[PDB]
Each structure stands twice: as structure tokens, then as C-alpha cells.
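Accompanying notes for the structure given below.
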Amino acid sequence: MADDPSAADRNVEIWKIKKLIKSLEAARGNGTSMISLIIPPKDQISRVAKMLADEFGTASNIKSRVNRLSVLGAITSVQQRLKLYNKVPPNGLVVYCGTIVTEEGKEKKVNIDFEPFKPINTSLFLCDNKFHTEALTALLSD
């Protein structure tokens with residue numbers, strides 16, 4: 001709000017990313033493809049979707065349906081995910097996805113895309129088990 005400085009709305013965002021990431025790397029799905037794509041604010045979403053496209057053609061060409069199936073879930077999640085924004089802030093754009101699993105024997109996909117900490121000209125595209133970014137590990141490590 002206007003009553004508080006920019007650090008207010010900032011501390012919050014950085015809190016949600018540093019809060020989930022922490023508890024995220026601690027517990028993740030036993031078997032799921034976590035998508036992680038980070039890009040600087042020096043780009044346009046339009047180009048983003050394009051990439052998400054070629055992806056489908058990749059996991060699809062695979063012989064194991066487990067490729068087109070899994071990616072199909074995340075690919076379709078992130079796709080429409082970004083579309084819910086269109087234009088990201090000057091802080092850049094970093095999409096995150098990951099399906100967790102409950103001890104009771106449940107599973108859920110909680111993917112959230114939003115500008116990272118600061119407008120870093122860095123980047124990283126690769127689906128792993130946990131969000132791999134020098135940013136989250138930067139503030140966390142300190």
C-alpha cells in the first residue's frame with residue numbers, strides 16, 4: 001500500500017518465494033517432472049509460450065507415454081499460467097512448477113509463476129526435482 005514503502009510489497013513477494021522454495025526443496029513429489037524456467041525482464045512473454053510449444057513435441061515424440069503425459073500436465077499448466085499475466089514487471093519473469101506428495105498417499109501440483117527477486121540478466125531452463133536458482137540460494141544462504 002501507499003502507507004508503506006516499496007520494501008513492503010517486496011518483502012512479501014520475496015517471502016513467498018523464499019518460503020515455498022525452502023519447504024519445497026525439503027519435500028517434493030516421489031515421481032514428477034518439475035519445470036523451472038527463469039528469464040530476465042529483457043524479453044517478451046510471446047517468446048516464452050513459443051518455447052513451451054516445442055516442449056510438447058519433445059515429450060510427445062518419446063516412445064514412453066510417460067513423457068508426453070507428464071509434460072502434458074505441466075506444459076498445459078504453465079502455458080495458461082503465464083497467459084494469466086501477459087506482461088510481467090521489470091523484475092523479470094520466472095515460472096515454477098512442482099507436484100508434491102502427502103505421506104497419507106496424495107499428490108498435488110502447485111505451480112506459481114511470478115517475477116523473481118531482482119532483475120537479473122541470468123537464466124536457467126531445465127526440469128529438475130527442486131527449483132535450481134542462484135537467487136533463491138543467494139538470499140537463503142545468507
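We label chains A, B, ... in the order they appear in the C-alpha cells, count residues from 1 in each chain, and number ligands from 1 in the order shown.
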DSSP-assigned alpha helix (DSSP H) members of range 7-120 of chain A, reported as a count of residues only = 56
task = Give me the residues within 12 Å of residue 85 in chain A as number ranges by chain, counting only C-alpha atoms and dropping any in the same chain fewer than 2 places off.
result = A: 44-46, 78-83, 87-89, 93, 95, 112-115
Which residues are near residue 77 in chain A? Cut-off 12 Å, only C-alpha atoms, ignore same chain within fewer than 3 positions. Put them as a PDB file with N, CA and C atoms, in the first residue's frame.
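Full text of out_0.pdb as output:
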```pdb
ATOM      1  N   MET A  34       9.395 -31.544 -12.506  1.00  0.00           N
ATOM      2  CA  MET A  34       9.268 -30.156 -12.078  1.00  0.00           C
ATOM      3  C   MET A  34       9.877 -29.211 -13.110  1.00  0.00           C
ATOM      4  N   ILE A  35       9.049 -28.329 -13.659  1.00  0.00           N
ATOM      5  CA  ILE A  35       9.507 -27.371 -14.657  1.00  0.00           C
ATOM      6  C   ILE A  35      10.062 -26.113 -13.997  1.00  0.00           C
ATOM      7  N   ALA A  49       5.910 -18.585 -24.483  1.00  0.00           N
ATOM      8  CA  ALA A  49       4.973 -19.600 -24.948  1.00  0.00           C
ATOM      9  C   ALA A  49       5.584 -20.441 -26.064  1.00  0.00           C
ATOM     10  N   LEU A  52       7.513 -23.251 -24.753  1.00  0.00           N
ATOM     11  CA  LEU A  52       6.626 -24.237 -24.145  1.00  0.00           C
ATOM     12  C   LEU A  52       6.000 -25.135 -25.208  1.00  0.00           C
ATOM     13  N   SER A  70       3.291 -36.674 -18.593  1.00  0.00           N
ATOM     14  CA  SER A  70       3.800 -35.813 -17.533  1.00  0.00           C
ATOM     15  C   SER A  70       3.902 -34.366 -18.009  1.00  0.00           C
ATOM     16  N   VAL A  71       4.735 -34.142 -19.019  1.00  0.00           N
ATOM     17  CA  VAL A  71       4.926 -32.805 -19.571  1.00  0.00           C
ATOM     18  C   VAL A  71       3.591 -32.173 -19.950  1.00  0.00           C
ATOM     19  N   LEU A  72       2.668 -32.997 -20.431  1.00  0.00           N
ATOM     20  CA  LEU A  72       1.349 -32.520 -20.831  1.00  0.00           C
ATOM     21  C   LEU A  72       0.653 -31.809 -19.675  1.00  0.00           C
ATOM     22  N   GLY A  73       0.871 -32.309 -18.462  1.00  0.00           N
ATOM     23  CA  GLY A  73       0.260 -31.707 -17.291  1.00  0.00           C
ATOM     24  C   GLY A  73       0.876 -30.368 -16.939  1.00  0.00           C
ATOM     25  N   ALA A  74       2.202 -30.331 -16.859  1.00  0.00           N
ATOM     26  CA  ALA A  74       2.913 -29.103 -16.527  1.00  0.00           C
ATOM     27  C   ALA A  74       2.871 -28.115 -17.687  1.00  0.00           C
ATOM     28  N   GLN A  80      -1.088 -21.720 -19.818  1.00  0.00           N
ATOM     29  CA  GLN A  80      -2.190 -20.860 -19.404  1.00  0.00           C
ATOM     30  C   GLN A  80      -1.797 -20.015 -18.197  1.00  0.00           C
ATOM     31  N   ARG A  81      -0.837 -20.508 -17.422  1.00  0.00           N
ATOM     32  CA  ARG A  81      -0.371 -19.799 -16.236  1.00  0.00           C
ATOM     33  C   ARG A  81       0.112 -18.397 -16.597  1.00  0.00           C
ATOM     34  N   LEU A  82       1.072 -18.325 -17.512  1.00  0.00           N
ATOM     35  CA  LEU A  82       1.622 -17.045 -17.945  1.00  0.00           C
ATOM     36  C   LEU A  82       0.555 -16.197 -18.628  1.00  0.00           C
ATOM     37  N   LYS A  83      -0.274 -16.841 -19.442  1.00  0.00           N
ATOM     38  CA  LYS A  83      -1.341 -16.147 -20.154  1.00  0.00           C
ATOM     39  C   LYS A  83      -2.201 -15.337 -19.189  1.00  0.00           C
ATOM     40  N   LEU A  84      -2.156 -15.703 -17.914  1.00  0.00           N
ATOM     41  CA  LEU A  84      -2.931 -15.008 -16.891  1.00  0.00           C
ATOM     42  C   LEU A  84      -2.258 -13.696 -16.496  1.00  0.00           C
ATOM     43  N   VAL A  95       8.928 -18.740 -13.983  1.00  0.00           N
ATOM     44  CA  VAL A  95       7.855 -19.696 -13.737  1.00  0.00           C
ATOM     45  C   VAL A  95       8.358 -20.896 -12.942  1.00  0.00           C
ATOM     46  N   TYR A  96       7.539 -21.364 -12.008  1.00  0.00           N
ATOM     47  CA  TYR A  96       7.902 -22.506 -11.176  1.00  0.00           C
ATOM     48  C   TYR A  96       6.761 -23.517 -11.112  1.00  0.00           C
ATOM     49  N   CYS A  97       7.112 -24.798 -11.158  1.00  0.00           N
ATOM     50  CA  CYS A  97       6.119 -25.865 -11.105  1.00  0.00           C
ATOM     51  C   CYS A  97       6.673 -27.089 -10.383  1.00  0.00           C
ATOM     52  N   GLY A  98       5.813 -27.762  -9.625  1.00  0.00           N
ATOM     53  CA  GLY A  98       6.236 -28.942  -8.893  1.00  0.00           C
ATOM     54  C   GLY A  98       5.081 -29.644  -8.207  1.00  0.00           C
ATOM     55  N   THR A  99       4.980 -30.953  -8.410  1.00  0.00           N
ATOM     56  CA  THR A  99       3.912 -31.740  -7.808  1.00  0.00           C
ATOM     57  C   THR A  99       4.382 -32.417  -6.526  1.00  0.00           C
ATOM     58  N   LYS A 109      -0.307 -30.521  -7.635  1.00  0.00           N
ATOM     59  CA  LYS A 109       0.591 -29.709  -8.447  1.00  0.00           C
ATOM     60  C   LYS A 109       0.400 -28.225  -8.150  1.00  0.00           C
ATOM     61  N   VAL A 110       1.327 -27.654  -7.387  1.00  0.00           N
ATOM     62  CA  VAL A 110       1.261 -26.241  -7.033  1.00  0.00           C
ATOM     63  C   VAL A 110       2.322 -25.438  -7.778  1.00  0.00           C
ATOM     64  N   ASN A 111       1.963 -24.948  -8.961  1.00  0.00           N
ATOM     65  CA  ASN A 111       2.884 -24.162  -9.774  1.00  0.00           C
ATOM     66  C   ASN A 111       2.491 -22.688  -9.769  1.00  0.00           C
ATOM     67  N   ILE A 112       3.461 -21.825  -9.487  1.00  0.00           N
ATOM     68  CA  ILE A 112       3.219 -20.388  -9.452  1.00  0.00           C
ATOM     69  C   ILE A 112       4.304 -19.627 -10.205  1.00  0.00           C
ATOM     70  N   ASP A 113       3.889 -18.821 -11.176  1.00  0.00           N
ATOM     71  CA  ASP A 113       4.826 -18.035 -11.970  1.00  0.00           C
ATOM     72  C   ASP A 113       4.744 -16.556 -11.602  1.00  0.00           C
TER      73      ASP A 113
END
```
Residues of range 15-78 of chain A at most 9 Å from range 120-138 of chain A: nearest atom pair and distance in Å, only C-alpha atoms, as a Markdown table:
```
| residue | atom | partner | partner_atom | distance |
| --- | --- | --- | --- | --- |
| A:17 | CA | A:136 | CA | 7.6 |
| A:18 | CA | A:136 | CA | 6.5 |
| A:21 | CA | A:131 | CA | 7.0 |
| A:22 | CA | A:136 | CA | 8.7 |
| A:24 | CA | A:130 | CA | 7.1 |
| A:25 | CA | A:130 | CA | 5.5 |
| A:26 | CA | A:130 | CA | 8.9 |
| A:28 | CA | A:129 | CA | 7.2 |
| A:29 | CA | A:129 | CA | 8.1 |
| A:31 | CA | A:129 | CA | 8.9 |
| A:32 | CA | A:129 | CA | 7.7 |
| A:33 | CA | A:127 | CA | 6.3 |
| A:34 | CA | A:127 | CA | 5.2 |
| A:35 | CA | A:127 | CA | 4.3 |
| A:36 | CA | A:127 | CA | 5.4 |
| A:37 | CA | A:125 | CA | 4.6 |
| A:38 | CA | A:123 | CA | 4.9 |
| A:39 | CA | A:123 | CA | 4.9 |
| A:40 | CA | A:121 | CA | 5.1 |
| A:41 | CA | A:121 | CA | 7.8 |
| A:42 | CA | A:121 | CA | 7.7 |
```
ask   = Counting only C-alpha atoms, which of A:94, A:7, A:75, A:48 gets nearest to residue 60 in chain A?
value =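 Checking each of A:94, A:7, A:75, A:48 against residue 60 in chain A, counting only C-alpha atoms, the winner is A:75.
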request  = To one decimal in Å, tell me the separation between CA of residue 16 in chain A and CA of residue 105 in chain A.
outcome  =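 Separating CA of residue 16 in chain A from CA of residue 105 in chain A is a distance of 25.8 Å.
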request  = Go through chain A and collect every residue that DSSP, computed from the backbone, puts in strand (DSSP E or B); the answer should be as a VMD selection string.
outcome  = chain A and resid 34 36 to 39 93 to 96 99 to 102 106 to 109 112 to 114 124 to 125 128
Separation of CA of residue 68 in chain A from CA of residue 55 in chain A in Å = 9.2 Å
For residue 116 in chain A, the nearest of the candidates A:50, A:27, A:92, A:2, counting only C-alpha atoms = A:92
